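Take a look at the structure set out below.
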Amino acid sequence: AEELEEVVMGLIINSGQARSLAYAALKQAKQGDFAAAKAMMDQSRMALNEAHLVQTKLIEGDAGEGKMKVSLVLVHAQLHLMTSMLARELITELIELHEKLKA
Amino acid sequence: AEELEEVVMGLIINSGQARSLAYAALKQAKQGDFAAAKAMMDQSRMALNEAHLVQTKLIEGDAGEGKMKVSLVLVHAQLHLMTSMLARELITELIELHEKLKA
Amino acid sequence: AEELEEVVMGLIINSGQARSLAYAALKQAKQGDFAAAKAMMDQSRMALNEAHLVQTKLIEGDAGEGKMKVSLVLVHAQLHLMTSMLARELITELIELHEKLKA
């Protein structure tokens with residue numbers, strides 16, 4: 001719907017940007033730039049945190065009537081956010097491995 | 001609905017616990033504890049397997065009328081389970097890498 | 001529905017095959033076969049690309065009436081595709097690490 005629909009687009013874009021930043025963070029690690037990787041990861045998380053917070057309000061205050069479940073719309077947003085958050089967390093682990101290797 | 005709704009909560013919690021155990025398993029690997037990591041991974045999988053089995057019954061025996069597809073509710077459960085299973089599988093790979101590194 | 005339902009099954013199978021190929025690609029890397037890993041990854045991506053293209057047509061040309069959003073059915077397909085694509089991308093990163101790790 002109006003906002004919910006426009007809000008989802010923002011969430012999808014935000015989630016996509018989060019992943020983009022995360023992959024970029026990893027790329028920095030490959031170049032041996034741990035400092036930039038850490039900075040990129042930190043920002044990536046903040047983007048996700050804000051996105052997750054918005055989704056939480058939706059999931060909690062969404063359902064007009066009773067039930068708390070979710071909606072077709074929310075599920076789509078959750079899919080992007082869940083994927084992005086997971087990607088970012090795993091990417092963080094991958095970056096840590098690069099540090100252990102040396103570079 | 002009654003059970004389905006309560007069942008989903010259990011699945012979501014179970015999926016979340018699965019991931020939690022998986023991340024913890026990885027943490028053990030970082031401490032150089034391959035034995036504990038393996039034990040944690042094994043338990044993580046068992047939790048997922050039981051969760052997946054419940055979802056399968058849902059997906060197969062859910063749809064009251066004809067169609068086998070899924071439902072708004074099932075999709076949400078699948079999202080958590082799919083994310084958790086994938087996370088756990090990737091985490092397993094990450095742990096194996098730690099073993100190859102040494103520690 | 002008829003096609004959409006049958007199309008989803010194809011997408012789910014394709015997504016599953018994509019992941020299967022990706023994991024197999026990783027396995028090749030463990031055996032120290034970077035050439036086979038690369039070949040498997042390339043094919044995995046092509047499978048996903050074709051799958052993603054089909055989903056795009058669905059998401060863009062699906063909704064019979066106005067709205068572009070998604071449908072219960074599409075979300076399910078997106079879940080598998082999103083999971084598979086992410087898995088494959090992360091697996092690619094994991095394979096690159098194996099190459100850096102010698103073998």
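Going through the structure tokens in order, the chains are called A, B, and so on, while each chain numbers its residues from 1 and the ligands are numbered from 1 in the order shown.
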Expected answer as an NGL selection string: alpha helix (DSSP H) residues in chain A = :A and (2-30 or 34-61 or 72-101)
Using only C-alpha atoms, which residues sit within 12 Å of residue A:34 once same-chain residues fewer than 4 positions away are excluded, as a ChimeraX atom specification?
-> /A:24-30,38-41,92,95-100,102-103
Interface list for chain A, partner chain B, 12 Å threshold, only C-alpha atoms, as a PyMOL selection string | chain A and resi 59+66-102
For the selection just defined, write its residues with C-alpha atoms to a file, as a short mmCIF file (atom, residue, chain, number, x, y, z; two decimals), in the first residue's frame.
```cif
data_model
loop_
_atom_site.label_atom_id
_atom_site.label_comp_id
_atom_site.auth_asym_id
_atom_site.auth_seq_id
_atom_site.Cartn_x
_atom_site.Cartn_y
_atom_site.Cartn_z
CA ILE A 59 5.86 -6.83 12.15
CA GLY A 66 -5.33 -8.99 16.08
CA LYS A 67 -2.79 -11.53 14.74
CA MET A 68 0.90 -10.52 14.81
CA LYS A 69 2.07 -12.97 12.07
CA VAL A 70 3.20 -11.18 8.84
CA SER A 71 1.81 -10.13 5.47
CA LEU A 72 2.59 -10.96 1.86
CA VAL A 73 4.35 -7.61 1.74
CA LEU A 74 6.31 -8.09 5.00
CA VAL A 75 7.48 -11.52 4.01
CA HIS A 76 9.05 -10.07 0.88
CA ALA A 77 10.82 -7.42 2.97
CA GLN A 78 11.90 -10.02 5.51
CA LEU A 79 13.33 -12.15 2.70
CA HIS A 80 15.62 -9.35 1.56
CA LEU A 81 16.55 -8.29 5.10
CA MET A 82 17.12 -11.87 6.29
CA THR A 83 19.25 -12.64 3.24
CA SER A 84 21.22 -9.41 3.58
CA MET A 85 21.80 -9.81 7.34
CA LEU A 86 22.90 -13.41 6.90
CA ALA A 87 25.12 -12.49 3.96
CA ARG A 88 26.68 -9.69 5.93
CA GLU A 89 27.28 -11.89 9.00
CA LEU A 90 28.89 -14.62 6.89
CA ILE A 91 30.91 -12.04 4.98
CA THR A 92 32.15 -10.74 8.33
CA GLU A 93 33.38 -14.25 9.14
CA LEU A 94 35.01 -14.48 5.71
CA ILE A 95 36.83 -11.19 6.32
CA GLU A 96 38.11 -12.42 9.69
CA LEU A 97 39.56 -15.46 7.91
CA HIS A 98 41.45 -13.18 5.52
CA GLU A 99 42.98 -11.48 8.55
CA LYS A 100 44.07 -14.83 10.00
CA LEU A 101 45.62 -15.80 6.66
CA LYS A 102 47.82 -12.62 6.68
#
```
Chain B superposed on chain C over all ordered C-alpha pairs, least squares: can you write that as an mmCIF file with N, CA and C atoms, in the first residue's frame?
```
data_model
loop_
_atom_site.group_PDB
_atom_site.id
_atom_site.type_symbol
_atom_site.label_atom_id
_atom_site.label_comp_id
_atom_site.auth_asym_id
_atom_site.auth_seq_id
_atom_site.Cartn_x
_atom_site.Cartn_y
_atom_site.Cartn_z
ATOM 1 N N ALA B 1 -0.702 -21.790 -10.188
ATOM 2 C CA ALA B 1 -1.654 -22.135 -11.281
ATOM 3 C C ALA B 1 -0.924 -22.966 -12.330
ATOM 4 N N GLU B 2 -1.673 -23.450 -13.324
ATOM 5 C CA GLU B 2 -1.113 -24.299 -14.383
ATOM 6 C C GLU B 2 0.379 -24.052 -14.578
ATOM 7 N N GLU B 3 0.709 -23.105 -15.451
ATOM 8 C CA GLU B 3 2.106 -22.804 -15.739
ATOM 9 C C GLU B 3 2.822 -22.294 -14.490
ATOM 10 N N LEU B 4 2.328 -21.190 -13.935
ATOM 11 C CA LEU B 4 2.969 -20.585 -12.771
ATOM 12 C C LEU B 4 3.353 -21.648 -11.745
ATOM 13 N N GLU B 5 2.462 -22.608 -11.512
ATOM 14 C CA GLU B 5 2.719 -23.663 -10.530
ATOM 15 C C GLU B 5 3.819 -24.594 -11.029
ATOM 16 N N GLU B 6 3.707 -24.987 -12.290
ATOM 17 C CA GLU B 6 4.693 -25.864 -12.907
ATOM 18 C C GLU B 6 6.016 -25.117 -13.087
ATOM 19 N N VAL B 7 5.918 -23.821 -13.372
ATOM 20 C CA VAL B 7 7.101 -22.983 -13.546
ATOM 21 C C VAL B 7 7.881 -22.880 -12.236
ATOM 22 N N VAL B 8 7.154 -22.729 -11.135
ATOM 23 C CA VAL B 8 7.774 -22.644 -9.817
ATOM 24 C C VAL B 8 8.545 -23.929 -9.521
ATOM 25 N N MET B 9 7.938 -25.070 -9.828
ATOM 26 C CA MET B 9 8.598 -26.347 -9.596
ATOM 27 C C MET B 9 9.916 -26.381 -10.358
ATOM 28 N N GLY B 10 9.890 -25.899 -11.597
ATOM 29 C CA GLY B 10 11.100 -25.843 -12.405
ATOM 30 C C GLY B 10 12.125 -24.913 -11.763
ATOM 31 N N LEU B 11 11.655 -23.760 -11.290
ATOM 32 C CA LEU B 11 12.538 -22.795 -10.637
ATOM 33 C C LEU B 11 13.133 -23.384 -9.362
ATOM 34 N N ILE B 12 12.299 -24.060 -8.579
ATOM 35 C CA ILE B 12 12.768 -24.668 -7.340
ATOM 36 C C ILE B 12 13.809 -25.737 -7.650
ATOM 37 N N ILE B 13 13.518 -26.560 -8.650
ATOM 38 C CA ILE B 13 14.452 -27.598 -9.056
ATOM 39 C C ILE B 13 15.737 -26.969 -9.584
ATOM 40 N N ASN B 14 15.586 -25.941 -10.415
ATOM 41 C CA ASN B 14 16.738 -25.254 -10.986
ATOM 42 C C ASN B 14 17.580 -24.642 -9.868
ATOM 43 N N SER B 15 16.915 -23.974 -8.927
ATOM 44 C CA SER B 15 17.621 -23.365 -7.804
ATOM 45 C C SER B 15 18.358 -24.441 -7.013
ATOM 46 N N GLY B 16 17.684 -25.566 -6.782
ATOM 47 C CA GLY B 16 18.288 -26.671 -6.047
ATOM 48 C C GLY B 16 19.494 -27.220 -6.799
ATOM 49 N N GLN B 17 19.356 -27.372 -8.116
ATOM 50 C CA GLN B 17 20.462 -27.868 -8.926
ATOM 51 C C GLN B 17 21.622 -26.885 -8.872
ATOM 52 N N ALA B 18 21.298 -25.596 -8.896
ATOM 53 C CA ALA B 18 22.321 -24.563 -8.830
ATOM 54 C C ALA B 18 23.155 -24.741 -7.569
ATOM 55 N N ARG B 19 22.479 -24.867 -6.434
ATOM 56 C CA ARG B 19 23.182 -25.053 -5.174
ATOM 57 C C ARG B 19 23.999 -26.339 -5.233
ATOM 58 N N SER B 20 23.374 -27.405 -5.721
ATOM 59 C CA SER B 20 24.051 -28.695 -5.821
ATOM 60 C C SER B 20 25.363 -28.551 -6.592
ATOM 61 N N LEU B 21 25.302 -27.871 -7.732
ATOM 62 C CA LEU B 21 26.493 -27.660 -8.547
ATOM 63 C C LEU B 21 27.517 -26.835 -7.770
ATOM 64 N N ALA B 22 27.035 -25.804 -7.078
ATOM 65 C CA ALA B 22 27.918 -24.940 -6.294
ATOM 66 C C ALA B 22 28.656 -25.746 -5.218
ATOM 67 N N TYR B 23 27.918 -26.535 -4.438
ATOM 68 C CA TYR B 23 28.564 -27.369 -3.420
ATOM 69 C C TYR B 23 29.565 -28.311 -4.075
ATOM 70 N N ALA B 24 29.186 -28.882 -5.212
ATOM 71 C CA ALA B 24 30.078 -29.787 -5.923
ATOM 72 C C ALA B 24 31.338 -29.035 -6.352
ATOM 73 N N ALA B 25 31.157 -27.790 -6.787
ATOM 74 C CA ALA B 25 32.286 -26.958 -7.193
ATOM 75 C C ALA B 25 33.255 -26.808 -6.023
ATOM 76 N N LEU B 26 32.697 -26.557 -4.843
ATOM 77 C CA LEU B 26 33.508 -26.411 -3.639
ATOM 78 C C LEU B 26 34.266 -27.708 -3.365
ATOM 79 N N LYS B 27 33.574 -28.830 -3.497
ATOM 80 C CA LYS B 27 34.190 -30.130 -3.252
ATOM 81 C C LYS B 27 35.412 -30.311 -4.157
ATOM 82 N N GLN B 28 35.286 -29.886 -5.411
ATOM 83 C CA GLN B 28 36.401 -29.972 -6.352
ATOM 84 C C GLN B 28 37.596 -29.188 -5.815
ATOM 85 N N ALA B 29 37.317 -28.010 -5.260
ATOM 86 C CA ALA B 29 38.374 -27.163 -4.711
ATOM 87 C C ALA B 29 39.103 -27.890 -3.587
ATOM 88 N N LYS B 30 38.346 -28.582 -2.745
ATOM 89 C CA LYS B 30 38.941 -29.326 -1.640
ATOM 90 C C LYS B 30 39.890 -30.394 -2.170
ATOM 91 N N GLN B 31 39.584 -30.941 -3.344
ATOM 92 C CA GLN B 31 40.450 -31.954 -3.938
ATOM 93 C C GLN B 31 41.634 -31.289 -4.642
ATOM 94 N N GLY B 32 41.657 -29.957 -4.625
ATOM 95 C CA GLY B 32 42.748 -29.204 -5.238
ATOM 96 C C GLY B 32 42.528 -29.003 -6.735
ATOM 97 N N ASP B 33 41.287 -29.167 -7.186
ATOM 98 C CA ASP B 33 40.966 -28.997 -8.603
ATOM 99 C C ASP B 33 40.319 -27.633 -8.864
ATOM 100 N N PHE B 34 41.140 -26.592 -8.986
ATOM 101 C CA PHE B 34 40.624 -25.242 -9.224
ATOM 102 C C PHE B 34 39.966 -25.125 -10.593
ATOM 103 N N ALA B 35 40.490 -25.851 -11.574
ATOM 104 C CA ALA B 35 39.946 -25.791 -12.925
ATOM 105 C C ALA B 35 38.497 -26.267 -12.949
ATOM 106 N N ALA B 36 38.252 -27.425 -12.350
ATOM 107 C CA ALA B 36 36.903 -27.979 -12.313
ATOM 108 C C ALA B 36 35.990 -27.102 -11.459
ATOM 109 N N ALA B 37 36.532 -26.552 -10.378
ATOM 110 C CA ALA B 37 35.740 -25.676 -9.523
ATOM 111 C C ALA B 37 35.253 -24.475 -10.330
ATOM 112 N N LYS B 38 36.174 -23.820 -11.037
ATOM 113 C CA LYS B 38 35.822 -22.665 -11.863
ATOM 114 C C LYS B 38 34.760 -23.031 -12.901
ATOM 115 N N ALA B 39 34.940 -24.166 -13.565
ATOM 116 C CA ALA B 39 33.983 -24.589 -14.584
ATOM 117 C C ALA B 39 32.602 -24.807 -13.969
ATOM 118 N N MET B 40 32.581 -25.451 -12.805
ATOM 119 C CA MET B 40 31.328 -25.719 -12.105
ATOM 120 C C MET B 40 30.669 -24.411 -11.658
ATOM 121 N N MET B 41 31.473 -23.468 -11.161
ATOM 122 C CA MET B 41 30.925 -22.176 -10.730
ATOM 123 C C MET B 41 30.294 -21.429 -11.891
ATOM 124 N N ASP B 42 30.981 -21.438 -13.026
ATOM 125 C CA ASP B 42 30.504 -20.725 -14.198
ATOM 126 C C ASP B 42 29.144 -21.271 -14.622
ATOM 127 N N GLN B 43 29.040 -22.594 -14.658
ATOM 128 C CA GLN B 43 27.785 -23.234 -15.033
ATOM 129 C C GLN B 43 26.709 -22.949 -13.994
ATOM 130 N N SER B 44 27.094 -22.967 -12.722
ATOM 131 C CA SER B 44 26.139 -22.698 -11.656
ATOM 132 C C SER B 44 25.506 -21.321 -11.860
ATOM 133 N N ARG B 45 26.346 -20.331 -12.149
ATOM 134 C CA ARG B 45 25.869 -18.966 -12.343
ATOM 135 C C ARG B 45 24.910 -18.882 -13.524
ATOM 136 N N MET B 46 25.254 -19.559 -14.614
ATOM 137 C CA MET B 46 24.424 -19.524 -15.812
ATOM 138 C C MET B 46 23.036 -20.081 -15.505
ATOM 139 N N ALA B 47 23.002 -21.149 -14.716
ATOM 140 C CA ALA B 47 21.737 -21.755 -14.318
ATOM 141 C C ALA B 47 20.910 -20.755 -13.515
ATOM 142 N N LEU B 48 21.570 -20.053 -12.596
ATOM 143 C CA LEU B 48 20.908 -19.052 -11.764
ATOM 144 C C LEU B 48 20.435 -17.871 -12.604
ATOM 145 N N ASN B 49 21.279 -17.449 -13.538
ATOM 146 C CA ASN B 49 20.972 -16.296 -14.375
ATOM 147 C C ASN B 49 19.696 -16.560 -15.174
ATOM 148 N N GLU B 50 19.597 -17.760 -15.735
ATOM 149 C CA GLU B 50 18.409 -18.140 -16.493
ATOM 150 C C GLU B 50 17.201 -18.209 -15.568
ATOM 151 N N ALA B 51 17.418 -18.736 -14.368
ATOM 152 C CA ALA B 51 16.346 -18.832 -13.385
ATOM 153 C C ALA B 51 15.894 -17.434 -12.959
ATOM 154 N N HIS B 52 16.862 -16.560 -12.682
ATOM 155 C CA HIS B 52 16.562 -15.192 -12.269
ATOM 156 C C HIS B 52 15.797 -14.456 -13.364
ATOM 157 N N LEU B 53 16.186 -14.690 -14.614
ATOM 158 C CA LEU B 53 15.531 -14.036 -15.743
ATOM 159 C C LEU B 53 14.057 -14.420 -15.799
ATOM 160 N N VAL B 54 13.774 -15.698 -15.578
ATOM 161 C CA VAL B 54 12.396 -16.172 -15.581
ATOM 162 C C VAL B 54 11.614 -15.526 -14.442
ATOM 163 N N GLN B 55 12.227 -15.459 -13.262
ATOM 164 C CA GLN B 55 11.563 -14.843 -12.118
ATOM 165 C C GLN B 55 11.290 -13.363 -12.402
ATOM 166 N N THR B 56 12.245 -12.679 -13.036
ATOM 167 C CA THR B 56 12.079 -11.259 -13.349
ATOM 168 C C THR B 56 10.829 -11.048 -14.200
ATOM 169 N N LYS B 57 10.656 -11.887 -15.219
ATOM 170 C CA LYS B 57 9.475 -11.789 -16.071
ATOM 171 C C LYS B 57 8.237 -11.983 -15.230
ATOM 172 N N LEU B 58 8.314 -12.932 -14.318
ATOM 173 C CA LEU B 58 7.196 -13.175 -13.450
ATOM 174 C C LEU B 58 6.925 -11.910 -12.633
ATOM 175 N N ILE B 59 7.896 -11.480 -11.831
ATOM 176 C CA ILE B 59 7.723 -10.288 -10.992
ATOM 177 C C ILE B 59 7.274 -9.064 -11.798
ATOM 178 N N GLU B 60 7.811 -8.885 -13.002
ATOM 179 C CA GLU B 60 7.427 -7.725 -13.811
ATOM 180 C C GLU B 60 6.090 -7.943 -14.521
ATOM 181 N N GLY B 61 5.929 -9.084 -15.184
ATOM 182 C CA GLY B 61 4.708 -9.340 -15.952
ATOM 183 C C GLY B 61 3.691 -10.212 -15.206
ATOM 184 N N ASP B 62 3.973 -10.567 -13.953
ATOM 185 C CA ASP B 62 3.037 -11.408 -13.193
ATOM 186 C C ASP B 62 1.739 -10.672 -12.906
ATOM 187 N N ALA B 63 1.746 -9.946 -11.793
ATOM 188 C CA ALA B 63 0.561 -9.244 -11.325
ATOM 189 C C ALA B 63 -0.348 -8.853 -12.481
ATOM 190 N N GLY B 64 -1.432 -9.602 -12.645
ATOM 191 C CA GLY B 64 -2.385 -9.309 -13.700
ATOM 192 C C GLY B 64 -2.859 -7.871 -13.580
ATOM 193 N N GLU B 65 -3.370 -7.518 -12.404
ATOM 194 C CA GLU B 65 -3.843 -6.159 -12.172
ATOM 195 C C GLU B 65 -2.740 -5.274 -11.573
ATOM 196 N N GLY B 66 -2.762 -4.008 -11.975
ATOM 197 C CA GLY B 66 -1.826 -2.977 -11.502
ATOM 198 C C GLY B 66 -0.592 -3.496 -10.743
ATOM 199 N N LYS B 67 -0.623 -3.284 -9.425
ATOM 200 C CA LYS B 67 0.507 -3.558 -8.518
ATOM 201 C C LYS B 67 1.582 -4.488 -9.104
ATOM 202 N N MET B 68 2.845 -4.186 -8.754
ATOM 203 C CA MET B 68 4.006 -4.951 -9.234
ATOM 204 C C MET B 68 4.513 -5.930 -8.163
ATOM 205 N N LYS B 69 4.238 -5.604 -6.895
ATOM 206 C CA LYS B 69 4.667 -6.400 -5.719
ATOM 207 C C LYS B 69 5.084 -7.856 -6.085
ATOM 208 N N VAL B 70 4.472 -8.848 -5.434
ATOM 209 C CA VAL B 70 4.759 -10.257 -5.692
ATOM 210 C C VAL B 70 3.516 -11.054 -5.331
ATOM 211 N N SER B 71 3.599 -12.370 -5.394
ATOM 212 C CA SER B 71 2.462 -13.204 -5.026
ATOM 213 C C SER B 71 2.928 -14.326 -4.115
ATOM 214 N N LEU B 72 1.992 -14.958 -3.422
ATOM 215 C CA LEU B 72 2.367 -16.040 -2.522
ATOM 216 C C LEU B 72 3.329 -16.970 -3.255
ATOM 217 N N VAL B 73 2.946 -17.312 -4.475
ATOM 218 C CA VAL B 73 3.722 -18.209 -5.319
ATOM 219 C C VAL B 73 5.122 -17.661 -5.630
ATOM 220 N N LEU B 74 5.194 -16.396 -6.028
ATOM 221 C CA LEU B 74 6.475 -15.783 -6.403
ATOM 222 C C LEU B 74 7.418 -15.718 -5.218
ATOM 223 N N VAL B 75 6.871 -15.403 -4.063
ATOM 224 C CA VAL B 75 7.694 -15.286 -2.879
ATOM 225 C C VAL B 75 8.408 -16.611 -2.653
ATOM 226 N N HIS B 76 7.668 -17.703 -2.755
ATOM 227 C CA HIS B 76 8.265 -19.017 -2.565
ATOM 228 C C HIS B 76 9.426 -19.222 -3.544
ATOM 229 N N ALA B 77 9.202 -18.872 -4.810
ATOM 230 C CA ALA B 77 10.240 -19.017 -5.830
ATOM 231 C C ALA B 77 11.429 -18.110 -5.520
ATOM 232 N N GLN B 78 11.132 -16.895 -5.075
ATOM 233 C CA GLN B 78 12.178 -15.934 -4.746
ATOM 234 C C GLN B 78 13.029 -16.475 -3.596
ATOM 235 N N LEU B 79 12.363 -17.101 -2.626
ATOM 236 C CA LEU B 79 13.056 -17.657 -1.467
ATOM 237 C C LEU B 79 14.117 -18.655 -1.909
ATOM 238 N N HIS B 80 13.742 -19.572 -2.790
ATOM 239 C CA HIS B 80 14.697 -20.566 -3.269
ATOM 240 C C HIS B 80 15.800 -19.906 -4.096
ATOM 241 N N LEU B 81 15.406 -19.030 -5.015
ATOM 242 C CA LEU B 81 16.377 -18.356 -5.875
ATOM 243 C C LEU B 81 17.321 -17.472 -5.061
ATOM 244 N N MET B 82 16.766 -16.700 -4.128
ATOM 245 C CA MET B 82 17.580 -15.801 -3.311
ATOM 246 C C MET B 82 18.570 -16.606 -2.477
ATOM 247 N N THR B 83 18.083 -17.693 -1.891
ATOM 248 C CA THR B 83 18.931 -18.559 -1.078
ATOM 249 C C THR B 83 20.030 -19.179 -1.931
ATOM 250 N N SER B 84 19.643 -19.712 -3.086
ATOM 251 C CA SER B 84 20.601 -20.347 -3.984
ATOM 252 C C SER B 84 21.652 -19.349 -4.472
ATOM 253 N N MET B 85 21.212 -18.176 -4.932
ATOM 254 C CA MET B 85 22.146 -17.173 -5.439
ATOM 255 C C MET B 85 23.131 -16.770 -4.352
ATOM 256 N N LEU B 86 22.611 -16.520 -3.158
ATOM 257 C CA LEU B 86 23.453 -16.117 -2.043
ATOM 258 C C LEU B 86 24.440 -17.228 -1.702
ATOM 259 N N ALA B 87 23.927 -18.448 -1.633
ATOM 260 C CA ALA B 87 24.760 -19.605 -1.328
ATOM 261 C C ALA B 87 25.893 -19.699 -2.335
ATOM 262 N N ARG B 88 25.520 -19.612 -3.595
ATOM 263 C CA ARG B 88 26.478 -19.715 -4.674
ATOM 264 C C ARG B 88 27.527 -18.598 -4.584
ATOM 265 N N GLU B 89 27.094 -17.360 -4.331
ATOM 266 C CA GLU B 89 28.048 -16.253 -4.218
ATOM 267 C C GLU B 89 29.021 -16.487 -3.063
ATOM 268 N N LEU B 90 28.496 -16.897 -1.915
ATOM 269 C CA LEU B 90 29.337 -17.153 -0.749
ATOM 270 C C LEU B 90 30.273 -18.328 -1.012
ATOM 271 N N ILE B 91 29.741 -19.364 -1.647
ATOM 272 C CA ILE B 91 30.544 -20.526 -1.995
ATOM 273 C C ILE B 91 31.692 -20.105 -2.906
ATOM 274 N N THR B 92 31.412 -19.191 -3.830
ATOM 275 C CA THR B 92 32.456 -18.672 -4.707
ATOM 276 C C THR B 92 33.581 -18.062 -3.874
ATOM 277 N N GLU B 93 33.204 -17.271 -2.873
ATOM 278 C CA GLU B 93 34.188 -16.650 -1.987
ATOM 279 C C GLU B 93 34.981 -17.735 -1.256
ATOM 280 N N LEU B 94 34.274 -18.757 -0.787
ATOM 281 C CA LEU B 94 34.918 -19.847 -0.056
ATOM 282 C C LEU B 94 35.947 -20.539 -0.951
ATOM 283 N N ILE B 95 35.584 -20.758 -2.210
ATOM 284 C CA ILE B 95 36.498 -21.398 -3.156
ATOM 285 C C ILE B 95 37.750 -20.546 -3.364
ATOM 286 N N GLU B 96 37.568 -19.238 -3.498
ATOM 287 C CA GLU B 96 38.704 -18.339 -3.678
ATOM 288 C C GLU B 96 39.666 -18.466 -2.495
ATOM 289 N N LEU B 97 39.115 -18.611 -1.294
ATOM 290 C CA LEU B 97 39.947 -18.764 -0.100
ATOM 291 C C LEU B 97 40.791 -20.030 -0.200
ATOM 292 N N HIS B 98 40.195 -21.111 -0.690
ATOM 293 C CA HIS B 98 40.932 -22.362 -0.845
ATOM 294 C C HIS B 98 42.133 -22.143 -1.757
ATOM 295 N N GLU B 99 41.935 -21.347 -2.803
ATOM 296 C CA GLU B 99 43.013 -21.056 -3.740
ATOM 297 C C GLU B 99 44.136 -20.287 -3.048
ATOM 298 N N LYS B 100 43.767 -19.319 -2.210
ATOM 299 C CA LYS B 100 44.759 -18.537 -1.478
ATOM 300 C C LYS B 100 45.521 -19.417 -0.489
ATOM 301 N N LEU B 101 44.825 -20.384 0.107
ATOM 302 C CA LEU B 101 45.460 -21.294 1.057
ATOM 303 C C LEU B 101 46.574 -22.107 0.391
ATOM 304 N N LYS B 102 46.332 -22.567 -0.845
ATOM 305 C CA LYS B 102 47.314 -23.340 -1.642
ATOM 306 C C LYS B 102 46.586 -24.402 -2.464
ATOM 307 N N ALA B 103 46.610 -25.638 -1.951
ATOM 308 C CA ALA B 103 45.974 -26.789 -2.604
ATOM 309 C C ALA B 103 45.650 -26.496 -4.072
#
```
